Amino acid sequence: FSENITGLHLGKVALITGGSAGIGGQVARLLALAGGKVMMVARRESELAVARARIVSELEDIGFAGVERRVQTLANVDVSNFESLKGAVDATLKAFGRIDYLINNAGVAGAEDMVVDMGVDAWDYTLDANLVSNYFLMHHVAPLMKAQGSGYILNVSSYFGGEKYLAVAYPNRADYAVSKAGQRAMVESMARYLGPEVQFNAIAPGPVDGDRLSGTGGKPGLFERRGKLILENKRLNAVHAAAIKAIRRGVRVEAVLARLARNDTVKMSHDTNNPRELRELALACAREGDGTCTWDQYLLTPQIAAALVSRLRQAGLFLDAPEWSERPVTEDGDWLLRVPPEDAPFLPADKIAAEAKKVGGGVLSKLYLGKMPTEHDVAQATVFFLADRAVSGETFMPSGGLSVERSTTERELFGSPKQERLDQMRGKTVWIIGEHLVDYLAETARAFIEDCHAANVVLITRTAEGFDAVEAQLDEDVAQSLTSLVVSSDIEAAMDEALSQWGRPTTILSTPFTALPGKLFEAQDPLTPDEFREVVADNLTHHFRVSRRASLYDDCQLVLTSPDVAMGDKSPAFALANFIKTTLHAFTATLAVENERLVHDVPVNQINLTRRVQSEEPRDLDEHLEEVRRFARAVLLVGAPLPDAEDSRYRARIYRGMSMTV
């Protein structure tokens, strides 16, 4: 095979990110064997130098001439850094005089945390490295490819980023899932604008057999790594649930934490004065050991104990607690009165291996082709797809026929709930976060106040002017139930302040503060990489930042809104709204599954203010007013306290992680 494809890509120039190892290294190799010129770029110079050296030796053996000039490298290329990526483009053009293929292969695993534990810096890094980087490179290379009359951009997404019309939950990996869904969503929504010269496709392999998946150089396998992650999160969630259950029935949080601080399972189960939830917690922990590990004798490690106090703090559970209300956040690891010894594992290796085989067996059992593709198999597929000249706007699936069955599909709304469900809002507080969507914010506030008899709507805006514009659309009697909170630092701080001032909300509606830009690849005024980064911040990160507080609130429902497009607009805003709809759906689906594993059990659903077909968008005022009213009905449908469809498996499923378009 590898010596007999010299004609497939002869003379084509490829820039491949993350080209030192894995799929990227194999694509670099096979493109060179197929007669292409390759600029391989990566962070690590040693891996890159060895990989290129091996390719050049193979090129010599199959009798290429001038092999050194055919494969070039650029090290210390960090995809999270724009200057560093620009150097990769400049190096490719300096070496080869053009770029034919851009392979957006580089990726990071990301935070590997539940959303409620995930840092904003970790989320931002995953989105910058995996998704914004790809737009940065497209921005710089697309004009070169259009000017020469041809090009190919390929995004290396993942099967776990979902597929068109069908989101997939990726618990503990929401930042990664969003970044991968985003790579694909760019192909679906932007290929129109890269044509006619540039083909723009994605690949979405699932698990891929090679050194990184198997584990090499004394490193655990990716199934083993998720197994360990799963047990840590099960212990955190279990300790957290016991603390919350105790606080709900009126145990002081200071008393719960003083009892957990003793961090002794045998003493905790036996002690009579410990709350039943802590006794039962400690009993269950004491049964989980193997004779080596320590998680049967200690409830908590410093790291899990830090994650626990963070969740309690962010739920507002320290607001009236003398000590904790004021303790430095820097000290969240340091409150245990004894900690597991460092000479022994916390977690049992047997349960790690068992969870890893649940993970591996689960994916391996859903492969139509019976075995995981290797990195070479996925690289071979990639090099074959790159030779096609007729496909654009598609995601190829070189996954081994991976089929994970799920019903998380975007729905058009035409349905309603009983007034009895709405009556449960009477006397409650709701938060609406927004700025630019005045008609939608106003009608939703009116529906909650006038139709559902909510006592207080807290409208959390970017500016006082944004508050006044919504208030000006309400009757005076309705407006007396509208409270203003203008963001002063960040949305999480504004949410902490709203909770402190007016209490626990029953419904949170998250809308973007800013309208989408009306531009993408136009030569006159394109959407710059910094502008695209802000679109991601305002339309994805924003919802994450709201969600990571909202998911900690008992009896609260969370509603995420994707973008609107002004009536009559004919710009790429409509493509950008559909990009966000797809990418945010990965988040919604993932968060809905995580939240069911938390004691707070917060439902999350998504409402879309843009339809899939631009001719079906509202085109006159009657259709606009129809959409505004439908939007408020959709918010009440997924925002009102969820019905007793705990009886029905079917109905329970259709109020968590839905994406509904109005």
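Start at 1 with the first residue shown and count on from there.
If you average the C-alpha B-factors over 372-380 and over 152-160, the higher value belongs to 372-380.
The mean C-alpha temperature factor is higher for 476-484 when 476-484 and 116-124 are set side by side. Of the candidates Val470, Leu236, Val309, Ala353, the deposited coordinates give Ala353 the top C-alpha B factor. When the C-alpha B-factors of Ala106, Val363, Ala537, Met186 are ranked from the entry, the top spot goes to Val363. Among all modelled residues in this chain, the alpha-carbon of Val67 has a temperature factor (C-alpha) in the highest third.
In this PDB entry, the Cα temperature factor of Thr610 sits in the bottom third of its chain's modelled residues, the lowest group.
For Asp290, the recorded CA temperature factor ranks within the highest third of the chain's modelled residues. Sorting the modelled residues of the chain by their CA temperature factor places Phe318 in the middle third. Placement of the Cα temperature factor of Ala42 within the chain: middle third of the modelled residues, per the deposited record.
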